[PDB]
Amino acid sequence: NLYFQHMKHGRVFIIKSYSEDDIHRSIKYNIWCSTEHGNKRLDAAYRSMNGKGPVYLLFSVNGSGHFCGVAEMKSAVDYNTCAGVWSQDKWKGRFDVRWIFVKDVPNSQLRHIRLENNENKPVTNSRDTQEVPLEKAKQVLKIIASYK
């Protein structure tokens, strides 16, 4: 398949969400927020990249048994922003994103991909902002990119 070849330099992260409504707001406005340490993690991966490659985000609603799409981080993290705009006031902050695929891909299509940096646990077992090794990430993205 013809998706995501020549990723070159890159870093990929798992996004776990407790609110579909947050996902929809994120699609509607190309913005996201994570935890305090989630924000610090993605912030570093974004600032250290210096435009030289894409920071991609893989999205899954918790308990949903699927992934729900793919997006690219498009800015650093802003820590002083309007409170209370997400489902919980515990999401303080904002960075921009750009959604690339909005589609549901069942975990049955992805669970045989494992993260050697997560004690060999499957990709579908990740917590929020679990980083993915570039070579397994490429597998995930291509699986989602082309799922029918």
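Between two forms, the rigid core is the largest collection of C-alphas that superpose within 1.5 Å. When you see a residue number, it is the position in the sequence shown, counting from 1.
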item: Positional deviation of Cα atoms in 9 other deposited structures of this protein after core superposition, greater for 36 to 44 or 91 to 99; value: 91 to 99
item: Stretch with greater C-alpha deviation in 9 other deposited structures of this protein, 127 to 135 versus 8 to 16 (rigid core superposition); value: 8 to 16
item: 6 to 14 versus 19 to 27 - which carries the larger mean C-alpha B factor in the record; value: 6 to 14
item: Stretch with the higher entry mean CA B-factor, where the candidates are 60 to 68 and 42 to 50; value: 42 to 50
item: Chain thirds of CA B-factor: placement of residue 32; value: lowest
item: CA B-factor placement of residue 90, once the chain's modelled residues are sorted into thirds; value: highest
